[PDB]
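Next up is one chain by itself, shown in structure tokens, the form deposited in one PDB entry.
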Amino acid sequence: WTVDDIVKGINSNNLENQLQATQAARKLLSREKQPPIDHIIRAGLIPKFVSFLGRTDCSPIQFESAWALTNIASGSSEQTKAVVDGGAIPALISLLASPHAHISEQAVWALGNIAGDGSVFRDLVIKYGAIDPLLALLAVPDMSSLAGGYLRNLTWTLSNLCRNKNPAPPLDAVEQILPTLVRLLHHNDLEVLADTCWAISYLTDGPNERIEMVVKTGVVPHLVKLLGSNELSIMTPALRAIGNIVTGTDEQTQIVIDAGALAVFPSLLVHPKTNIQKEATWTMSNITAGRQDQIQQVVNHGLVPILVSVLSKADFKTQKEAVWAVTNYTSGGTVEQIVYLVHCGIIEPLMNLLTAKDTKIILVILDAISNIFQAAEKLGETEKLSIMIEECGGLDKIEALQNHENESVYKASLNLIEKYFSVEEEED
């Protein structure tokens, strides 16, 4: 069939011809790689599919139209917008209540695509009342394999309803959705768990108010349990959610720590996947930016030597996150905690990173060195620390920084050199 034949059949008074034409259009959209989406939109068929969605007298044409609209809305933002401007959203929301499960689930998938296009269409799908019918579909006892696949479809759509920012999802909708996400987190299906963790991670990515919404439900312990998963598809979103949560207040970070997340981070800080490593090191840096009891928990879990290893031998992005972890540690830590950090061998890797080309990183490293020196002063071992820094080659790097183009670097390194490395002894 051609688009011309489809157009001729769809404007026919015979329902069977309309159905065959809709089947041909759906087959173009579902079976052809690089489908003719733009030609189909230019043919003006979107209003026709939206109209067929309401033909309860013929469920097949409903199914075919919902499928065609799904594949149209699965492309660019303008194609999804063509779907939205044709009036597809309310028709699909109403089709959610179709007695035939496959039709309702095709409507779920279509709405998921539309909402995944962006925050505007997401808020539109929410505004036309999709959440209640979707949750009604998600309250049914799913005990079959077909029910499992439909649950995957529904969870994916829900996660797209939790996604994107500027604006963030309306708070009323997020609170309407959260209980279902908490329930879904207790399923055994890996895809359902992954999609649910992704929804959680979306909801936690923002100001501390959204983190508080997620945390009050009580999911953090189960999020940590999933963080300990051997499935990367489940661990990755769970780690993103935990990381977002520890960017918040001290009490939210403490919720995460009491859930036992740190006990998983050894494995995460040496993970083969460099993205997982960088994410875990960033999370650790936000944890070491916390209270002294939280730094003490980082110490109790034996994570400091691991962080030294990462700072020493990891890729530069993970080394940058490790630099932030170290500087936050030495900014908020006790003298004993900073001494412990020194005994684990932080000086040489931290200092070797002063050859990096990132000026901000160099300033952060110099700030960490100053914190370490101030702890030493409190102990009266500033001289021993000076000798340590000199013997690992650190004095060379600080002196070289006194010739840096950036004046902040120059002033910082000069301050350190004038304060601890410009000593004069006149002994009798």
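Here the rigid core means the biggest group of C-alpha atoms that line up within 1.5 Å when the two forms are laid on top of each other. From 1 onward, residues are counted along the sequence shown.
Relative to one another, 102-110 and 266-274 have unequal mean CA B-factors, and 266-274 is the one with the higher figure. As the entry records it, the average C-alpha temperature factor is higher for 26-34, out of 366-374 and 26-34. Within the selection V140, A130, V299, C197, the deposited Cα B-factor values reach their highest point at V140. Highest C-alpha temperature factor among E279, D117, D258, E175, as the PDB entry reports it: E175. Sort the chain's modelled residues by C-alpha temperature factor and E390 lands in the lowest third, per the entry. In this PDB entry, the Cα temperature factor of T70 sits in the bottom third of its chain's modelled residues, the lowest group. Ranked by C-alpha B-factor against the other modelled residues of its chain, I346 falls in the lowest third. Sort the modelled residues of the chain by CA B factor and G290 lands in the highest third. Among all modelled residues in its chain, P90 ranks in the lowest third by Cα B-factor.
Just so it is clear, the following notes concern the form deposited in another entry, a form of the same protein that is not shown.
Once the two forms are fitted on their rigid core, between this form and the one not shown the CA displacement reaches 2 Å or more only for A88 among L154, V246, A199, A88. After superposing the rigid core, the C-alpha of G44 moves by 2 Å or more between this form and the one not shown. With the core superposed, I338 shows a C-alpha displacement below 2 Å between this form and the one not shown. Core-superposed comparison between this form and the one not shown: CA of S145 displaced by 2 Å or more.
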